[PDB]
Amino acid sequence: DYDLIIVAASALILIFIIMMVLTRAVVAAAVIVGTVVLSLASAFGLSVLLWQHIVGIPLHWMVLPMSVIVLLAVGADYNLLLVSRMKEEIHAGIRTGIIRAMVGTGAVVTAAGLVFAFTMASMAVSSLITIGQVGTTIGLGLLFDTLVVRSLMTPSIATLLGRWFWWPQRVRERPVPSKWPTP
Amino acid sequence: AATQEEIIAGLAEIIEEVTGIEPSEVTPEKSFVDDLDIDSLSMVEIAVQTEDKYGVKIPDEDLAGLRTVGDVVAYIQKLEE
Amino acid sequence: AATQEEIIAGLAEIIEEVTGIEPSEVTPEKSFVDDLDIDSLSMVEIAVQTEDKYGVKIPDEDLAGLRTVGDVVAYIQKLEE
Amino acid sequence: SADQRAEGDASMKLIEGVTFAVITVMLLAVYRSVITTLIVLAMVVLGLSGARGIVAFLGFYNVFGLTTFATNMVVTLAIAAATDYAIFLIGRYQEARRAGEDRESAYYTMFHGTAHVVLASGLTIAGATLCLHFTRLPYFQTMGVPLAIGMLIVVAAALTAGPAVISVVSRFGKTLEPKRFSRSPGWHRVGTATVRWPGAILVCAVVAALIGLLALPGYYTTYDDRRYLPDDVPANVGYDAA
Amino acid sequence: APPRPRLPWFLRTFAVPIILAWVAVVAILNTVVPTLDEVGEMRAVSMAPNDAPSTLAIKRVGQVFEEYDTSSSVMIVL
Ligand SMILES: CC(C)(COP(=O)(O)O)[C@@H](O)C(=O)NCCC(=O)NCCS
Ligand SMILES: CC(C)(COP(=O)(O)O)[C@@H](O)C(=O)NCCC(=O)NCCS
């Protein structure tokens, strides 16, 4: 119990510091961390269901911290990749920037996330069932993160916050309107 | 205001980015649903791009009404005037 | 519309209230950053007062662009026209 | 406990084989290119071998202790991270190529756009696992340093040998060129939906995420390790007899 | 000419030496010492810390009764 608390706190603080340093923004780092935490809760629920209710073998007492320490980091990495692309595409307007960033990264990030999830889930063929439980929990977590948090939650929050998503940096919501081109 | 040619050129560039249809294909008598084969989601993407570049806001209810390129050009000119 | 003199008089009164600079100092060729020494927060205060008195809305992004009193007067006249 | 360690050490080869098979299948599905898959597999093998080699070398000279969980996690994490970094680099390079840039400019665009992201991801993974060093149970604590060192080695390999391999191979024929040129209508639709109507989509996503909390009230754990082992281990035979 | 950055240029110009160095180092590391399985087998760590009250209780019983000094036991069934 105490180790799980310590690991969660330290990992969250370190990931927040790294994201704040890289993106040069506070609100973006907070959004990344919060979305990852929510995905973590969903992952725990799915894994508990799949094992305890379906299979019948409850989770081992050491599955939770091992799963958490990896889910946090990998989810944060994927969100960081998307946000980093968004920052490069943002000079054309927040909404168009988000659309271009999603079109650019989506396939790559989906392939990487699926590969990671199916690599983790392949540990279930082990004779030791604790390792299988850890692997399947991390796999379900990354699956849910990739398919929901990055695809829907993060860009929705970025659109809703608007210019506050990049605080304390100063960002135009939309560019200066331009004259129609002459053919 | 802006001439029909300028609006058509800008919309053709945006449509090229969104869908890939070449600008030469976009003529004011083309129907989005049939001639150009553009679904409603692509149309709302075009509206978002237009609002973020030229500052023209097109609500979804109006997007339902618009049928051909000429209709969109007329709508934009009406807003400008 | 409103003549440049009227806009300058109103802005001078508002600037006098916000910062204390006398109206005689405010001339259209003065730079806020250097000549008048007005920081950005004072400028947003001026924008708030202008919006609440004469109904002219100036977003912050535009406030960044504005440099001299003449620029603000031109912006207000453009909005009025 | 002895049988638990024995089974953990026994199943490692099978785990590695299955992971490699699954990775090869998925890479073939994604890239549609055998040569691209072979290049990615070479990168993954280099990274994994470096990680396991450095961990084994440091462990042999009593720098730190080891457990079966630590070794399994090291292997799987190294494989996954190496594959992810290869996918990121090659994806950015192929996007630049498909845009129209030549191979030199495509390589430089790839590096400029993904160098910092790969490093940041690797540092997050390394620093997260290193927080296990501050726990009290030896099983958790002995995972911090090994995992961190392995992740650092994998990241260094991906950031130095990765670009080198990409630079060398792409020159020798049409190797890393995009096999299937196609845009992303699905991602266009998802982006437009997320931009136009963010409130509804956010509501749906948050509702979906909170569904998992319903499993919390019924959660419980057990400490009997004979439930987590196959029935043919000697300990389970003795337990059945007793 | 575009000012190419130093780092990617260095990686591109000396790619073959870098690849060879990496392969050589990895092979040396995997050859000098045994496999990870044997090292993990011979470097296993005790599950319970010495601060654990149960371990201290068992060792205390062992030393007070002057019988043993460990904390782990097995049962033989006939
Ligand atoms: C999205 C769209 C414009 C697409 O129209 P189409 O069916 O003509 O392509 C139309 O379905 C619509 O107005 N829907 C109402 C709001 C909506 O669909 N939001 C997205 C659901 S999360
Ligand atoms: C407030 C200000 C206009 C001041 O600008 P200055 O640095 O030019 O004085 C600028 O910092 C800004 O737009 N900040 C973004 C929003 C903000 O600062 N809100 C207050 C923080 S609680």
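Residues numbered from 1 in each chain as written, not as in the entry; some residues may be left out. Chains lettered and ligands numbered in written order. Part of a larger assembly, values for the part shown. Heavy atoms only, no water. Residues with missing side-chain atoms left out of burial classes, pairs and counts.

Per the deposited record, cryo-EM is how this structure was determined, to a resolution of 2.81 Å.

Looking up chain E in the PDB entry gives the name MmpL5 protein, with the organism given as Mycolicibacterium smegmatis.

Chain D goes by MmpL5 protein in the PDB entry, where it is assigned to Mycolicibacterium smegmatis.

Summing up its helical and strand segments, chain D has ten helices and zero strands in all. Here the C-alpha atoms of chain D give a radius of gyration of 22 Å, more than 25% beyond the 18 Å that 2.2 N^0.38 yields for 242 residues. Projected onto its principal axes, the C-alpha positions of chain D cover 70 × 50 × 35 Å. Counting the 242 residues in chain D, one finds 57% classified as buried. Look at the contacts in chain D between residues 6 or more apart in sequence, and 72% of them connect residues 24 or more apart. (Helix = DSSP H or I, 4+ residues; strand = E, 2+ residues; numbered from the N terminus. Rg over C-alpha atoms; globule rule 2.2 N^0.38 Å. Buried < 20%, exposed > 50% of the residue type's maximum accessible area, 1.4 Å probe, protein only. Contact = heavy atoms within 4.5 Å.)

Counted under the stated rule, the structure contains 18 salt bridges over all chains. Notably, a salt bridge pairs D:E104 with E:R12, separated by 2.8 Å at the nearest N-O pair. Of this pair, D:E104 sits in helix 5 (residues 103-130) while E:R12 sits in helix 1 (residues 6-13), placing the two residues on different chains. Within this structure, A:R85, A:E89 and D:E95 form a network of salt bridges that share partners. (Salt bridge = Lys/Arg side-chain N within 4 Å of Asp/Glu carboxyl O.)

Put simply, the largest cavity is a space of about 140 Å³. Forming the boundary of the largest cavity are 14 residues, of which A:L81, A:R85, A:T105, D:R92 and D:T114 lie nearest the centre. Going through the elements one at a time, helix 3 (63-89) and helix 4 (94-121) of chain A together with helix 4 (68-99) and helix 5 of chain D are the ones with two or more residues in the lining of the largest cavity. Taken together, the residues of the lining of the largest cavity break down into four nonpolar, six polar and four charged. Looking at the second largest cavity, its volume works out to about 100 Å³. Together, B:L11, B:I15, B:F32, B:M43, B:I46, B:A47, B:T50, B:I58, B:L63, B:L66 and B:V72 line the second largest cavity. Those elements giving two or more residues to the lining of the second largest cavity turn out to be helix 1 (4-19) and helix 2 (40-54) of chain B. Considering every element that reaches the lining of the second largest cavity, the biggest residue donor is helix 2 of chain B, with four residues. (1 Å grid on protein atoms, 1.4 Å probe; cavity = no way out; pocket = protein on both sides within 12 Å on 5 of 7 lines; lining within 4 Å. Points joined across faces, edges and corners; volume = space filled by probe spheres on them. Nonpolar A, V, L, I, M, F, W, Y, C, P; charged D, E, K, R; others polar.)

Residues E:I58, E:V61, E:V64, E:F65 and E:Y68 make up a contiguous nonpolar surface patch of roughly 440 Å² in combined accessible area. Tracing the backbone shows E:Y68 in the segment after helix 4 (53-64). (Patch = residues over 30% accessible without salt bridge, like charges linked within 9 Å, V, L, I, M, F, W, Y side chains within 5 Å. Areas by Shrake-Rupley, 256 points an atom, 1.4 Å probe, with all protein chains shown as cover.)

All right, on to the site of ligand 1 then. Taken together, the neighbourhood of ligand 1 is formed by B:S40, B:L41, B:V44 and D:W197. In this structure, ligand 1 is bordered by residues of chains B and D. (Near = heavy atom within 4 Å.)

Looking at ligand 2, the residues that line it are A:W164, A:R170, C:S40, C:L41 and C:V44. Protein contacts shield 48% of the accessible area of ligand 2, which totals 550 Å² for the unbound molecule. Tallied by class, residues from the shell around ligand 2 come to three nonpolar, one polar and one charged.

Now for the packing of helix 2 of chain B against helix 8 (residues 185-196) of chain D. Relative to each other, helix 2 of chain B and helix 8 of chain D sit at 55°, their axes nearing to 10 Å. By the criterion of interaxial angle, the relationship of helix 2 of chain B to helix 8 of chain D is oblique. Helix 8 of chain D is crossed by helix 2 of chain B, and the crossing has left-handed handedness. Across the interface between the two elements, B:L41, B:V44, B:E45, B:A47, B:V48 and B:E51 from helix 2 of chain B touch D:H188, D:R189, D:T192, D:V195 and D:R196 from helix 8 of chain D. (Axes fitted to C-alpha atoms, helices over the stretch in contact; angles between N-to-C directions. Parallel < 35°, antiparallel > 145°, perpendicular 65-115°, else oblique. Left-handed = near helix turned anticlockwise from the far one by under 90°.)

With that settled, the discussion passes to the arrangement of the chains. The highest contact count of any of the five pairs of chains in contact belongs to chains A and D. Nowhere do chain B and chain C come into contact; their C-alpha atoms are at least 14 Å apart. At the level of C-alpha atoms, the two units chain C and chain D stay apart, their nearest approach being 22 Å.

Bringing the interface of chain D and chain A into the picture now. For interface size, the figure often reported is the accessible area lost on association. Contacts between chain D and chain A engage 78 residues on the former and 76 residues on the latter. The contact between chain D and chain A buries some 6800 Å² in all, and 78% of this surface belongs to carbon and sulfur atoms. The largest contributions to the chain D side of the interface with chain A come from D:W187, D:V195 and D:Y228, which together make up 11% of the buried area. Where chain D touches chain A, the interface holds one salt bridge. A:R85 serves as the salt-bridge partner of D:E95, at 2.9 Å between the closest nitrogen and oxygen. Inspection of the chain D/chain A interface yields 14 residue pairs in polar contact. Contributing elements (two or more residues each) for the side of chain D that touches chain A: helix 1 (2-10), helix 2 (12-31), helix 4, helix 5, helix 6 (138-141), helix 8 and helix 9 (198-210) of chain D. Top element by residues in the side of chain D that touches chain A is helix 4 of chain D. It accounts for 15 residues. Grouping the amino acids of the side of chain D that touches chain A by side-chain chemistry returns 46 nonpolar, 25 polar and seven charged. (Buried area = accessible area lost by both parts, 1.4 Å probe. Polar contact = N/O pair within 3.5 Å; in protein donor to acceptor, adjacent residues only side chain to side chain.)

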